[PDB]
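Only one chain is shown below, in structure tokens, and it's the form deposited in one PDB entry.
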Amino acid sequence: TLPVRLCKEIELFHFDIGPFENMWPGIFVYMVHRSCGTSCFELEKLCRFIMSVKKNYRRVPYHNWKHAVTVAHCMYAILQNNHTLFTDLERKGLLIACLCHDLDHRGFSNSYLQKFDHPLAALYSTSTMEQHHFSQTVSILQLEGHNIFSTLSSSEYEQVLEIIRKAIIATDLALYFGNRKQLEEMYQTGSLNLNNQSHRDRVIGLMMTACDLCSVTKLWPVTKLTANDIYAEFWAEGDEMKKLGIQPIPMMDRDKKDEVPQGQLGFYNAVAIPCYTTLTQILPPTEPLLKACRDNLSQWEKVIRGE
């Protein structure tokens, strides 16, 4: 258990995990215990696993340890408000997947790695960083005393690793557009069926996108401050693009700061609002994420106007 205020507010979708890093591991363990149960993991193994995962996130402005636990919390909130839908293994796997989904991130996009000709791009032609995140996850699990899935049968172990793999790959935003489009069609026609594994994998994929982007679903003061972190990374990549003799897209171009308000508008309209609209259609109890997304859209519109 946690302090009184945290216990209460952790159940809210728009919860912020706070600036005290050494409380984040305990926040995660709390979430796991309420989501899966106190006997889902051996506590000693789990804590060892969490600290090794922490050590393999880098000190970058956005794709860091705080992001990992923040993404995990959003998944916790989704799971707790749709608690009859998911199995034991899925709850286990998804929280872990979220915690590990950006492991060893450098603060650079897949396209930058390709243009730089980074060895990872030679190894992984598609979803380069995401395949690397999964590879890192697996490597940590293979460390002595780190296999938190020790007590599972081989059959169950293979299932949860596949849940984790698919989920981490789904955080490649390039795959989200096609996935969301398919889910929309299946929802409208009544074809969508959570008993169908391929349909289920898609819904989980959308859940992963929703959690990954959850910065846009916090209250305005948090959403606005987090934007500074995201652009710190993007502008750094844009600097590196210019060093390769390539003009970066405006989003990554430090010199085009004034276009931020309009750029944000475009993203909410093109990416965020559709993501949470579709997720809310499929899983109605995720409605608060959509409301908060809409509220942040209203705030960016006011910045553009000058209010």
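So that there is no doubt, residue numbering starts at 1 and follows the sequence shown. The term rigid core refers to the maximal set of C-alpha atoms that superpose within 1.5 Å between the two forms.
S.K.: Which has the higher mean CA temperature factor in the PDB entry, 50 to 58 or 35 to 43?
M.R.: According to the entry, 35 to 43 carries the higher average C-alpha B-factor.
S.K.: Is the mean CA B factor in the deposited entry higher across 254 to 262 or across 61 to 69?
M.R.: According to the PDB entry, the answer is 254 to 262.
S.K.: Among the chain's modelled residues, which third holds the C-alpha B-factor of residue 270?
M.R.: It belongs to the middle third of the chain when residues are ordered by C-alpha B-factor.
S.K.: Lowest, middle or highest third: which one holds residue 154 when the chain's residues are ordered by CA B-factor from the entry?
M.R.: For residue 154, the deposited C-alpha B-factor lands in the lowest third.
S.K.: Quick one: classify residue 109 as lowest, middle or highest third of the chain based on its Cα B-factor.
M.R.: Answer is lowest: the recorded C-alpha B-factor places it there.
S.K.: Sorting the chain's CA B-factors, does residue 124 end up in the lowest, middle or highest third?
M.R.: For residue 124, whose C-alpha B-factor we compare with every modelled residue in the chain, the answer is the highest third.
S.K.: Residue 184's Cα B-factor: lowest, middle or highest third of the chain?
M.R.: For residue 184, the deposited C-alpha B-factor lands in the highest third.
The protein also exists as the form deposited in another entry; that form is not presented, and the subsequent description refers to it.
S.K.: Superpose on the core and compare between this form and the one not shown; which one of 51, 244, 43, 270 crosses the 2 Å Cα shift mark?
M.R.: With the rigid core superposed, the residue that stands out is 244.
S.K.: Using a superposition on the rigid core, decide whether the Cα position of residue 9 changes by 2 angstroms or more between this form and the one not shown.
M.R.: Comparing forms between this form and the one not shown, the residue 9 CA shifts below 2 Å.
S.K.: Any chance the CA of residue 18 moves 2 angstroms or more between this form and the one not shown, core superposed?
M.R.: Yes, because once the rigid core is superposed, the C-alpha of residue 18 moves 2 Å or more between this form and the one not shown.
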